[PDB]
Each structure stands twice: as C-alpha cells, then as structure tokens.
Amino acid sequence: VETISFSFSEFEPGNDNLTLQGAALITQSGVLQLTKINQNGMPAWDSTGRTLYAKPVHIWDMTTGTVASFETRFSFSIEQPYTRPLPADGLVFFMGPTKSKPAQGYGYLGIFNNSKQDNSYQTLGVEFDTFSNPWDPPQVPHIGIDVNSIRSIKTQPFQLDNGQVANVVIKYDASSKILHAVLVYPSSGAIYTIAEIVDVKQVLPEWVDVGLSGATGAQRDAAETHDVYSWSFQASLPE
C-alpha cells in the first residue's frame, strides 16, 4: 500500500515541505495568509496566493487500475471588514497537475483561467466562494465541488461567521467514488455538509499537487482575509 501523509498543527516560516506562490505568506505568529494583508491590518484587493505540498501524491495508477482514498482537514477564517463594496473572492482546496503555477485570480480563485468546462484542466476542488459571479448560484458564501470547471457541479450555501475559525473535513472514498465535505463553526455550532459522486480516475492525472488557494476582488476594497491555521492530508493507494 502506497501512503502519503502530512500534518501541520501550525505553520512556521521556511518549512521546506511547503511551496508558497503569489501573495501566500506565513506570519511569525504561525498563521498562513493566502492573500495580502496591508500593514494597517486590512485585507488587500487584487491579491492571489497559493500553497502546495512540496511532494506530489500518487492518487491513482493505470497499470493496477486502482485509485486512492484520501482525507484532508484544515482550519481557516475569512474576515470581511469593509461595508461596501461586496467582499471577494474566496478560497479553495485543490488537486491538479504537478508543477502548477497560479492561474487567473478573482472568481477563478487562482486555479482556473476562465469559466469553461474543459477536461484538460484535470483539476478537482472544493471551494468556499464568497462572491457571486455570473456562473455562481445567487447565494454566497457557498461550498462548491469543482470538477474541471469553476462552475460547480454541486453547491451548498452556508452562513459566514465573520472573522471566526471554521473547521473543514474533506473525505474521498474510492470505493463508492463519494466526495463528502463538512464545514463546522465551533463558535456558533453551525454544521454544513455536502456530498457528490466524483470519479477521480477520469478527472485527475496519476500524480497531482495538492494545495490551497485564495483570492481577493478585482476592484478596490472588494477583499477579505483568507487565513489558514492548520492543515493535514492523508491518502492511501491500495497495493
């Protein structure tokens, strides 16, 4: 059985097990800031940042025809300090081609180049979208399962607890091909769940990079924070 597994109770500058891209930064206090925060403490607009695990993970194998089961957990907080305009854009957990660089920002969240449904993206993501683009449902924020497109195949509205930490658990069972994600707000006790069928074998390449990406709006002050406090990942490829 081939297994990959990492865990971060917190983050520390320089940890060579993490690849930072764009605005992604690790404060001295241990928190990972995906998008830029000005020195006055306010989140900056027109910002995009991502963090990947330095090592690719074997998600499935052609020869044997088997696919791995995985689980990831992380905590984050989104703070929307401005009244107007509307905050943007959200953050995502994603698995895609190895050696990837940041794509388009804003509504694309740093992982897509446009709103097309294109299988060549070979990307899977679970988004926490805070801005309603023309391809989004009217409700925001919302959890969404993204398969080769920013236009989610499944969506679940949730209420933001401004500035509070949320716990996320994303799990994939190769057996039934079910991807189930859950979001919890310890502060209010709120629990959100979402599940959909995803055939990883038809979406992702055999090896993929796993990471987190966040982005702020395309206009002045259409921004919010995208802070991550911890992150763990585990995958098991049978045989």
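Residue numbers run from 1 along the displayed sequence.
J.: Taking the mean of the C-alpha B-factors per stretch from the entry, tell me the winner out of 72 to 80 and 96 to 104.
T.: Mean CA B-factor is higher for 96 to 104.
J.: Mean Cα B factor from the PDB record: higher for 30 to 38, or higher for 52 to 60?
T.: It is 52 to 60.
J.: For the listed residues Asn167, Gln159, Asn119, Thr130, which one has the largest C-alpha B-factor as given in the deposited model?
T.: Top of the list by C-alpha B-factor: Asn119.
J.: Using only the C-alpha B-factors in the record, can you name which of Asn17, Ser230, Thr225, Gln219 has the highest?
T.: Highest C-alpha B-factor among the listed residues goes to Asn17.
J.: Ranking every modelled residue in this chain by its Cα temperature factor as given in the entry, which third contains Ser47?
T.: According to the entry, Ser47 has a C-alpha B-factor in the chain's lowest third.
J.: So where's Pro205 on the chain's Cα temperature factor ranking, which third?
T.: Within its chain, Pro205 is a highest-third residue by C-alpha B-factor, going by the deposited values.
J.: Where does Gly189 sit by CA temperature factor within its chain: lowest, middle or highest third?
T.: For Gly189, whose C-alpha B-factor we compare with every modelled residue in the chain, the answer is the lowest third.
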